[PDB]
Structures are given as structure tokens and as C-alpha cells.
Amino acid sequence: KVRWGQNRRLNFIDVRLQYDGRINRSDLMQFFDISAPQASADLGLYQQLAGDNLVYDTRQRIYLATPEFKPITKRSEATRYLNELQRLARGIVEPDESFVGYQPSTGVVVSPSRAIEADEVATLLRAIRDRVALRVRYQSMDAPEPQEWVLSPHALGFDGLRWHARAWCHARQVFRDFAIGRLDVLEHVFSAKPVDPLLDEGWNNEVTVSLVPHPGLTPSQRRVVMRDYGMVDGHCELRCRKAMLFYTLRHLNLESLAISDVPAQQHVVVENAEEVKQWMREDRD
């Protein structure tokens, strides 16, 4: 059997062949800090497992991907690789943490936010896991003077820009959202009443947002929008938690539910506008 480390080196060969179209022994030696004989043995094992993927060129002393290349691992897929380029450009990871070979010039939009402390995220995650209540300070636009609350968190949500904790608010007796960047966790409240998170109907009930191309588009433009949004059969059925519906519409700029008279500024419309309106009124209550 192939051990975990060597398998990661086979993944590295596979992804370099897929995107760079070539790999040298020295690329393996430098990334993984292995010897020339081990790196040659890794390339030999890749040749044994998937010989049609690559040829060795003795003039250039390099392995070249063939036109027949097929990745041996799903970890070489395009969504993952584009996500890696985003993480490198945003500085989330360093080049020595990534299998990416050629790094193109990249421009990625910036999401300005408060850097969160690991210790606070950790306290929240463990409180979720252990179903325990936390005394916190929280400040908001409607209540900017920091105020203390007792919260029992049970989930995390990401709205496209920032994270929030989904939690029972013991004072207001509701499940609701708390931006993690606005929370100061102070101590545990072990005497608080246990909360059943299965009672958070907004979090646990999934709903469907049915999206279609704006009906004022020509058939040719419709096909463009369909391809842009990965629509199968002329619509896109987006599934989300009811308590994530508002965030989802904001993330996709779908908050204006009416079908406008301007197709060019509204490529996609929500088919089930009345369901969506109703679901948001229920959840904000």
C-alpha cells in the first residue's frame, strides 16, 4: 500500500502534469525536501500507475504530460485548483503550502474584515460541540454600546463576506445570528438551561429558491445566462436553510424580487417570489 506522504507526492505529480503540463525531479525534491532517488522512485510509481499520462524527455530531462492525460485523483479538479489560486492571491496560504506550480499574475477582490482570534473561534466551536452556554459581549448597529448576553451557539454561518454564530439568545428567547467579529466571549455559563438546537426551525428547515433567466432576454442571451449560472434545463434550484435565505439573496444581488423592465441589470429572477417573501417574514419573527 502507498503511504500517506508518498500519496501526497503522487497528487503533486498529478496536479503539476494537469496544469503546468510538465514536472522535474527537482520540483519534488524542493517541495517535499526528499532526495533525488526518492523523487525518481515517486515519478516511477506514477509511471507505473498511469503511464499513458506522461513521457520522459531525455533532451530536456523533464516529464511531459501527454494529450491523453487523465488525472488519477479528483484532488486535481479545476474547482480545487482555482480555489488554490484564490487562496494564494489572498495570502491565506503561502506557496510552500500549495501544489500550484506556475503562479499567474492574479487580481482578487478584497473582503475587508476584522481578523478573528483563534482562541475565540475555538471557544465557540467547543461550545457548539458541548452544547454549553457562553456569556459574551456583543455590539451591533442598533445596539452599539457593548452589552452582555448569554448565548448557546449551535452552528456557524458564512454570508459571503463574514462569519456568524447561530445561537439561542437566553434573554430574548429566540434563535438568531451573531457576527463573530463583534463577539467577545467572556466565560462559560454552566448553570444556564440546556437548549435543543433541533428547535431552531429557521436553521433546520431547508427551502428552495428557484432561479431563471430574466424573461425579457432573447433566446441567445438566455443561453449565456444559463451557462453563467450553471442552469440545468432553464432554471437553477438553489437549496438553503431558511435562516440563510436573506444572506443568499444579498450575496447574489437578488433582493429586489420584482421582475424589472431592464433585463440587462437583472440577468436572473426568483420564480417563487411569494414563497421567499413569506419565508423571510417567518424567520424575522
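Note that residue numbering begins at 1 and tracks the sequence as displayed.
- In this entry, 232-240 has the higher mean Cα B-factor, the comparison being between 42-50 and 232-240.
- The deposited model assigns a higher average Cα B-factor to 201-209 than to the other stretch when 121-129 and 201-209 are compared.
- Ranking 109, 167, 143, 179 by Cα temperature factor from the entry places 143 first.
- Among the modelled residues of its chain, residue 24 has a C-alpha B-factor that falls in the middle third, as given in the PDB entry.
- For residue 196, the recorded CA temperature factor ranks within the highest third of the chain's modelled residues.
- Per the PDB record, residue ranking by Cα B-factor puts residue 253 in the highest third of the chain.
- When the modelled residues of the chain are ordered by C-alpha B-factor, residue 139 sits in the middle third.
- Per the deposited record, the Cα B-factor of residue 104 falls in the lowest third when ranked against the other modelled residues of its chain.
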